[PDB]
Amino acid sequence: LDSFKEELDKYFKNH
Amino acid sequence: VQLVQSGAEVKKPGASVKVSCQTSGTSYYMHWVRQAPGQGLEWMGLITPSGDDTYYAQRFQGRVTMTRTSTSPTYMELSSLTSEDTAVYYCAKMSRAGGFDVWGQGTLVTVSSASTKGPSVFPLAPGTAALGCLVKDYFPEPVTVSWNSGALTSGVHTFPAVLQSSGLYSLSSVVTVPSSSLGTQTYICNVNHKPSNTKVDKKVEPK
Amino acid sequence: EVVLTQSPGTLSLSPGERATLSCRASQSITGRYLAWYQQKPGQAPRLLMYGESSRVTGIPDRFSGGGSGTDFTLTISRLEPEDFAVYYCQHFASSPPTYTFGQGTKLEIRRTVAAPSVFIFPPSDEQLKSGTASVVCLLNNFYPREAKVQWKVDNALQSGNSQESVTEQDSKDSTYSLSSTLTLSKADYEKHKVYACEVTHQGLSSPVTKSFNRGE
């Protein structure tokens, strides 16, 4: 399962 | 990783405050969380490991700014302050799992129309006897109270301050001692109010 | 946004017993997005566990948890003195980034009933010179925390002119102490003779009144 940091990184990469 | 914040601040309504958070010495997502006296925790927002972007809690959007170069301390600036912004402000490091694994020591920010003022200290006069000191009408928090310069610790209760309708704080500190000691011992409460650079030492005697 | 509601507000248990702390989310979540924190007086909170019982490094085995959907629990199985504290749950989302906290549960030590020892203090002559009189009633080393303090001035019940403060639970005997401070102008103070605080508490078979006659 992806880490929360990975989720946050993806958010900021695309916003 | 240890996080060290800047010192306490006192502000008038409408002003702004800027608090710093320094990694004592990998970069990480950094968050800010505040806690009003006696209340719960409130998240304010986060800043990325590089500092190139932020995201704030809805309640603070338009009022808060989080900044980091790369290896500079990180700052949180809160504008248009009101008395509702009185709280301890914490910075925190996020772990990869999303929880806050390292916290700063907190920075108290007091927002009030009141002005800094040292306390007035009054005796609370006494097989067990109770005696104390009333620490009245100071601003802002905090005060410290010791007894006999720290030589008396057993049986001491220093109460949490209350905010009076005047905008000034007050608390009491009490100690219980053997009634027999009232003739062989002298009791003095040592009150330190660092925000006003005031210290008061008040002897408490049977009246 | 997710809203977290904790229950109970206060939990009172003895060392060695099992504590069950609840956190309810306003919508169904995966427990990977929930974290639990411990906070003691004067300190920052400390991360304990994620919603799925996964503990962080250094957290003892007696901390566990469980849940899925809207209901989550933190369980502390054999309570130690160092476990009594305030506990918060926290939820996080990444899109858009959003964290929230429950309102906290206080986990306090249950011990046997202990009646307060009561003391009354008149205002100092020094304070009276300044135009204000503070009269202080002290309730010392009692359990449980709930207590009732009434002020009577010349047998007239007072309302609206007193404030209470309570200490944190004592680390050694698990009692509380409480102050009640009556504030009067000097002029009102010197118009009356008898100042009394009357205390009701689980450990008292009849209310305890301490009083003085102003100027004796």
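Letters go in sequence order (proteins before strands), and every chain restarts at 1. Hydrogens, waters and symmetry mates are skipped; everything else that's a heavy atom, side chains included, is used.
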**Item:** Parallel, tilted or perpendicular: ring planes of C/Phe142 versus C/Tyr176, cut at 30 and 60 degrees
**Value:** tilted
**Message:** Any side-chain to backbone donor/acceptor pair from C/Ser14 onto C/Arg110? Under 3.5 Å, distance only.
**Reply:** yes
Show me the donor-acceptor pairs within less than 3.5 Å that the side chains of residues 197-210 of chain C make with the rest of the protein, sequence neighbours left out.
unit_1: C/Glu198; atom_1: OE1; unit_2: C/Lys152; atom_2: NZ; d: 3.0
unit_1: C/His201; atom_1: ND1; unit_2: C/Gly203; atom_2: N; d: 2.9
unit_1: C/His201; atom_1: NE2; unit_2: C/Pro144; atom_2: O; d: 2.9

**Request:** Return each pair, listed once, that meets salt bridge (charged side-chain N to carboxylate O under 4.0 Å, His left out) where at least one residue sits in residues 72-86 of chain C; pairs must be two or more places apart or across chains.
**Result:** C/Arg62-C/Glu82, C/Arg62-C/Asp83
**Request:** Give the intermediate values and the outcome of ring-ring contact (aromatic ring centres under 6.0 Å, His included) for residues B/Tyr90 and B/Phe100.
**Result:** CA-CA 11 Å; B/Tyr90 295 97; B/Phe100 300 162; over 10 Å; no
**Item:** Under 3.5 Å: donor-acceptor pair, side chain of C/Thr100, backbone of C/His91
**Value:** no
**Prompt:** Any idea how C/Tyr195 and C/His192 line up, ring-wise: parallel (<30°), tilted (30 to 60°), or perpendicular (>60°)?
**Reply:** perpendicular
**Request:** Please list all pairs passing the ring-ring contact (aromatic ring centres under 6.0 Å, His included) test where one or both residues lie in residues 183-207 of chain B, with sequence neighbours left out.
**Result:** B/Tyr138-B/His193
**Asked** Taking the inter-plane angle between the rings of C/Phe212 and C/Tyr189 on a 0 to 90° scale, is it parallel (under 30°), tilted (30 to 60°) or perpendicular (over 60°)?
**Response** tilted
**Any donor-acceptor N/O pair, C/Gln103 side chain to B/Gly40 backbone, under 3.5 Å** = no
**Request:** Could you check whether the rings of C/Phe101 and C/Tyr88 sit parallel, tilted or perpendicular, using 30° and 60° as the cut-offs?
**Result:** perpendicular
**Request:** Quick one: sort the B/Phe159 and B/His157 rings into parallel, tilted or perpendicular, breaks at 30° and 60°.
**Result:** tilted
